[PDB]
Amino acid sequence: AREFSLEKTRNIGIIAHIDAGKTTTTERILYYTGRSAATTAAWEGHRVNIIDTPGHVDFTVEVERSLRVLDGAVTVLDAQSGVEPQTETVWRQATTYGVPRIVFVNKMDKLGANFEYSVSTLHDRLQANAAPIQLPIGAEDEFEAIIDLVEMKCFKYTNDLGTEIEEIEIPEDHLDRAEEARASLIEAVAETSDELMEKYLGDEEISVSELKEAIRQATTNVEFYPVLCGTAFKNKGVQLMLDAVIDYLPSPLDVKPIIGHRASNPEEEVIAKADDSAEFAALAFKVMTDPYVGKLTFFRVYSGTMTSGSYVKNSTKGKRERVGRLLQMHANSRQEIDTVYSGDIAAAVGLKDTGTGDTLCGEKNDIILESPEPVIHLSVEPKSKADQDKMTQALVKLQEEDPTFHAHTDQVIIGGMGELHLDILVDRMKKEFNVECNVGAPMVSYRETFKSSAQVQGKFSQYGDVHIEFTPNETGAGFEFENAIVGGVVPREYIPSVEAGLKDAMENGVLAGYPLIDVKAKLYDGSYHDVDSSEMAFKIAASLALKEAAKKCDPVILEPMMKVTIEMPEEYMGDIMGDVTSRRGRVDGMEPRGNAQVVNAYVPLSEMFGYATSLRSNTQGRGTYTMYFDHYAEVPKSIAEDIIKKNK
């Protein structure tokens, strides 16, 4: 059957800033657990799956995803700096998905290392409930040992290899501060469940299992975050925190099961519990490719079971898949396996059509567990047709691992979330696939829509005729086409062509050439010739109606409005807001963080070029910012004409 019980499995990932020593902590974790998208491992009789989190936290989808693939997380902080801005955003993202966490204050041996101040930022910055289960005797060069408070055993470090560790009775001059630490811990834990709190005040002593299982409960409910310390590089406290992973972090059973919906019925509520007996459901979080095994699909099975050679349906794409070789990547090796039980993770070899973010389930069922318009695009220009073939190839591959962009072939136009998102896809193509090309200008993706509503008539003479009503739709509701035809004034044969006509005509727009969006269309009238009428004729007709509606509907150009967030020492708080308004944004709100303030704004993306330099300059590097797409907004009438002219 199965090697590890559902109770014995730990799916984890690492939340960290990039100076927090994230890669080293992961490195070390892999060592001790091993006798990369996802790594299979073992610690103290327990299965451990370490899922790799995204490179930069601006990566929302990529991080949103992994956050779903794991259960609990380990947050790594730099001892000097405690919680960084980047730590907070993912710490927030994690809370929204209800992910239990434990904190590893790393680099205790570093100049400026402060365990007390670190722990502080968890409180002050996140208003989060966290208390140390350990204490770092010594700091900076002096970091020596660690006191385990849930036990009250003290472990000492002789070397930097994480060996020859000495278990000792707590050095006594460290007591007055040790029981305090243990005490506050009990309290800080008490505020979650009621029972314990009363147990504590009763001057009653608490043993291990009751305290541990308590912390296990509080942290599993995401109501408390256990705090640990060490330096991963010298291997101080790494093994201890691994033990901690096994104690206080959740199994697949100990976390709220993922929500899903049926394909047939879009809006349903399907809970996927973790059950070996129940129906099969899986999500593909990563697509690798190896020169040998081919296309590897990384997926996490939430429910049921899967065996190689069996049959699954990809519900997202609605197609049929047949599971071949099944691999599990360990640190120094990889293992063929015939079964992946609920809660486990593996890679699927040669899975024909599945990308990142699809869903796999029994070919009898419909479930789907994951339900993003490009705001910016580039023009790409190869240096040959030979160089081209290396492209349409590269792209098909690039859409499998990156669902989040949009590639139009028809000089081929990439589009995506942000410049960075595009630069990466430029990166890999030039080097990874060896495509020698010309990258054009990064350009905002403008849209067009209708202000006024109107009734107009397309007509063409081969003959076609149409009367259409256009009304602006609820922004975001997209395009609707209703057919009101009255009894054959327009023959049914041509009615779908009228629709295909609008689309074509709408994609090319009216004003600047940008696609028209969020518009309702009702075909209520027309006329035809039994002979001359044709599909083409009614397509041109609908196209001409649009050109007309464009005259009476007061069309406007829309541009992406980004939600900008800025964190800087307050010194500059005035000189940033002079910036924003010049960029035609507006400050939507503000919050304190220490001597820095978090500023929330809405800025047009067309005006966000070069904001990186400016923020760094004005704050002299102390600055940080994230920005997202929020909504589309009406462009100022003067600017619209500039674009209208400039397009000729």
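Residues numbered from 1 in each chain as written, not as in the entry; some residues may be left out. Heavy atoms only, no water. Residues with missing side-chain atoms left out of burial classes, pairs and counts.

Participant: In this structure, what is going on with the overall build of the protein? I would like to understand it.
Facilitator: Helix and strand counts for the protein stand at 15 helices and 38 strands. In terms of its C-alpha atoms, the protein occupies a principal-axis envelope of roughly 100 × 65 × 55 Å. (Helix = DSSP H or I, 4+ residues; strand = E, 2+ residues; numbered from the N terminus.)

Participant: So what exactly am I meant to see when it comes to helix 4 (residues 115–126) here?
Facilitator: Three or four residues apart is the spacing at which side chains of an α-helix point the same way, because the helix has 3.6 residues per turn. Spanning twelve residues, helix 4 covers 17 Å between terminal C-alpha atoms, matching the ideal 16 Å at 1.5 Å per step. All of the buried residues in helix 4 are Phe115, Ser118, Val119, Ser120, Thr121, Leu122, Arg125 and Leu126. N-capping of helix 4 is provided by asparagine 114, with a side-chain oxygen placed 2.9 Å from the backbone N of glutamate 116. A positive backbone phi angle near 40° is found at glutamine 127, which sits one or two residues after helix 4. (Expected span 1.5 Å × (residues − 1). Buried < 20%, exposed > 50% of the residue type's maximum accessible area, 1.4 Å probe, protein only. Polar contact = N/O pair within 3.5 Å; in protein donor to acceptor, adjacent residues only side chain to side chain.)

Participant: What's the story with the domain arrangement of the protein in this structure? I'm lost.
Facilitator: The extent of an interface is frequently quoted as the accessible surface area lost upon association of the parts. Split into domains, the protein comes out as domain 1 (1–256), domain 2 (257–371), domain 3 (372–448), domain 4 (449–559 + 631–648) and domain 5 (560–630). Put simply, the middle of domain 3 and the middle of domain 5, counted by C-alpha atoms, are 29 Å apart. Each partner contributes to the interface: domain 3 provides six residues, whereas domain 5 provides five residues. Summing both sides of the interface, domain 3 and domain 5 together bury roughly 550 Å²; the carbon and sulfur share of this comes to 82%. Among the residues of domain 3 in contact with domain 5, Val375, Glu419 and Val444 are the three that bury the most area, contributing 65% of the side total. Counting across the interface, domain 3 meets domain 5 through zero salt bridges. Counting across the domain 3 and domain 5 interface gives zero residue pairs in polar contact. Counted by class, the side of domain 3 that touches domain 5 contains four nonpolar, one polar and one charged residues. (Domains from an automatic or database assignment. Contact = heavy atoms within 4.5 Å. Buried area = accessible area lost by both parts, 1.4 Å probe. Salt bridge = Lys/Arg side-chain N within 4 Å of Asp/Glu carboxyl O. Nonpolar A, V, L, I, M, F, W, Y, C, P; charged D, E, K, R; others polar.)

Participant: Whenever I open this one, the pattern of salt bridges confuses me. Can you help?
Facilitator: Should their charged atoms come close, side chains of opposite charge can pair. Within this structure, the stated rule accounts for 33 salt bridges. Members of the salt-bridge network, linked through shared partners, are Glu88, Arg92, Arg125, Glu567, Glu591 and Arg593.

Participant: Is there a simple way to think about the sheet that holds strand 32 (residues 464–472) in this case?
Facilitator: Sheet strands line up and pair through hydrogen bonds in the backbone, either parallel or antiparallel. Within the open sheet, the four strands sit side by side as 31-32-34-33. Their pairing is mixed. Of all strands in the sheet, those with a lone pairing partner are strand 31 (454–460) and strand 33 (480–483), marking the two edges. Averaged over neighbouring strand pairs, the angle between their axes works out to 25° when direction is ignored. In this structure, strand 32 lies alongside strand 34 (residues 519–527), joined through eight bridges in antiparallel fashion. (Pairing = 2+ DSSP bridges. Axes fitted to C-alpha atoms, helices over the stretch in contact; angles between N-to-C directions.)

Participant: Would you explain the side chain of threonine 354 in this entry?
Facilitator: Mapped onto the secondary structure, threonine 354 falls in the loop between strand 22 (345–349) and strand 23 (359–362). Residue class for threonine 354 comes out buried when judged on its relative accessible area of 2%. A distance of 3.3 Å separates the side chain of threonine 354 from the side chain of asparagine 314, its partner in a polar contact. A polar contact of 3.4 Å, which involves the side chain of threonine 354, links it to the side chain of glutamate 321. In this structure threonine 354 touches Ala284, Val287, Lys295, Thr297, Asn314, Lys317, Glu321 and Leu360, once residues within four positions along its chain are discounted.

Participant: Looking at this model, I keep getting lost on the nonpolar core. Mind explaining?
Facilitator: A general tendency of soluble globular proteins is for nonpolar side chains to be buried together. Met391, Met429, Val564, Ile566 and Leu605 are the most contacted members of the largest nonpolar core, which has 45 residues in total. Take this core: its biggest share by element is seven residues, from strand 35 (residues 555–569). Apart from the residues lying within four places of it in its own chain, the contact partners of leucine 605 are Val375, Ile376, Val444, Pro560, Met562 and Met627. In terms of nonpolar packing, the next biggest core, distinct from the first, is built from 37 residues, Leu30, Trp43, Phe104 and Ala214 among them. (Core = buried A, V, L, I, M, F, W, Y, C linked by side-chain atoms within 4.5 Å.)

Participant: Sorry if this is basic, but what is going on with the packing of aromatic side chains here?
Facilitator: To describe a pair of aromatic rings, one takes the distance between the centres and the angle between the planes. Tallied over the full model, the rule gives eight aromatic pairs. On the basis of an interplanar angle of 80° and a centroid distance of 6.2 Å, the ring pair of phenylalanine 450 and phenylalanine 470 is categorised as edge-to-face. Taken individually, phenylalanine 450 and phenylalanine 470 each receive the classification buried, so the pair is uniform in this respect. Looking at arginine 101, its charged tip hangs above the ring of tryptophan 91, at a distance of 4.6 Å from the centre. One cation-aromatic arrangement involves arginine 300 over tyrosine 302; the distance from NZ or CZ to the ring centre is 4.4 Å. (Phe/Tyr/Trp six-rings, centres within 6.5 Å; stacked < 30°, edge-to-face > 60°. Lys NZ or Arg CZ within 6 Å of the ring centre and 35° of its normal.)

Participant: Where do I start with empty space enclosed by the protein in this structure?
Facilitator: If you add up the space inside the largest cavity, you get close to 40 Å³. Forming the walls of the largest cavity are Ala38, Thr39, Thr40, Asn49, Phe298, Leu327, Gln328, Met329, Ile345, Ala346 and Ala347. Contributions of two or more residues to the lining of the largest cavity are made by strand 2 (38–43), strand 19 (326–329) and strand 22. Among the residues making up the lining of the largest cavity, the classes are represented as seven nonpolar, four polar and no charged. Counting contributing residues per domain, the lining of the largest cavity is built from domain 1 (1–256) and domain 2 (257–371), each supplying no fewer than three. (1 Å grid on protein atoms, 1.4 Å probe; cavity = no way out; pocket = protein on both sides within 12 Å on 5 of 7 lines; lining within 4 Å. Points joined across faces, edges and corners; volume = space filled by probe spheres on them.)

Participant: Please clarify how the side chain of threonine 297 should be interpreted in this entry.
Facilitator: Here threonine 297 shows up in strand 15 (residues 294–303). The exposure class of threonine 297 is buried, given its relative accessible area of 0%. Residues within four places of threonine 297 in sequence aside, it is in contact with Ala284, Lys286, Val287, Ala346, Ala347, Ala348, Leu351 and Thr354.

Participant: Just checking my understanding: could you explain the pairing of strand 33 for this structure?
Facilitator: Along a regular strand, successive side chains alternate from one face of the sheet to the other. As defined by bridge partners, strand 33 adjoins strand 34 across four bridges and the pair is classed as parallel. Within the sheet, the bridge partner assigned to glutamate 482 lies in strand 34 and is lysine 522.

Participant: Explanation requested: a negative patch on the surface in the structure shown.
Facilitator: Side chains of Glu116, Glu180, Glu187 and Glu191 sit close together on the surface and give a patch of like negative charge. Relative to the elements of secondary structure, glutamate 116 occurs in helix 4. Note on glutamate 116: relative accessible area 58%, which makes it exposed. (Patch = residues over 30% accessible without salt bridge, like charges linked within 9 Å, V, L, I, M, F, W, Y side chains within 5 Å. Areas by Shrake-Rupley, 256 points an atom, 1.4 Å probe, with all protein chains shown as cover. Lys, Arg positive; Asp, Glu negative; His and termini not counted. Charge placed at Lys NZ, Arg CZ, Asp CG, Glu CD.)

Participant: What am I meant to see in the sheet that holds strand 13 (residues 270–271) here?
Facilitator: Across the sheet, three strands lie side by side as 13-12-24; this open sheet has antiparallel pairing. Each edge of the open sheet is held by one strand with a lone partner, namely strand 13 and strand 24 (367–368). One ladder, built from two bridges, connects strand 12 (residues 259–262) with strand 13; its direction is antiparallel. The residue bridging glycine 260 from the neighbouring strand is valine 270, located in strand 13.

Participant: I keep staring at the packing of helix 2 (residues 60–69) against helix 3 (residues 85–96) and nothing clicks. Help me out?
Facilitator: Describing two packed helices takes the angle between their axes plus the distance from one axis to the other. Running from N to C, helix 2 and helix 3 cross one another at 45°; their axes reach a closest spacing of 10 Å. The angle between helix 2 and helix 3 places the two elements in the oblique class. Crossing hand, helix 2 versus helix 3: right-handed. Together, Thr60, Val63 and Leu67 of helix 2 and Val90, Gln93 and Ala94 of helix 3 make up the contact between the two elements. (Parallel < 35°, antiparallel > 145°, perpendicular 65-115°, else oblique. Left-handed = near helix turned anticlockwise from the far one by under 90°.)

Participant: Looking at this model, I keep getting lost on unusual backbone geometry. Mind explaining?
Facilitator: Trans is the prevailing form of peptide bonds, just as negative phi is the prevailing case for residues other than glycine. Of note, the phi angle at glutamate 164 is positive, near 55°, even though the residue is not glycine. Turning to its location among the elements, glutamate 164 is positioned in the loop between strand 9 (153–156) and strand 10 (166–168). Within the chain, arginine 584 stands out as a residue other than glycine whose phi angle is a positive 65°. Tracing the chain through its elements places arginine 584 in the loop between helix 13 (573–582) and strand 36 (586–593).

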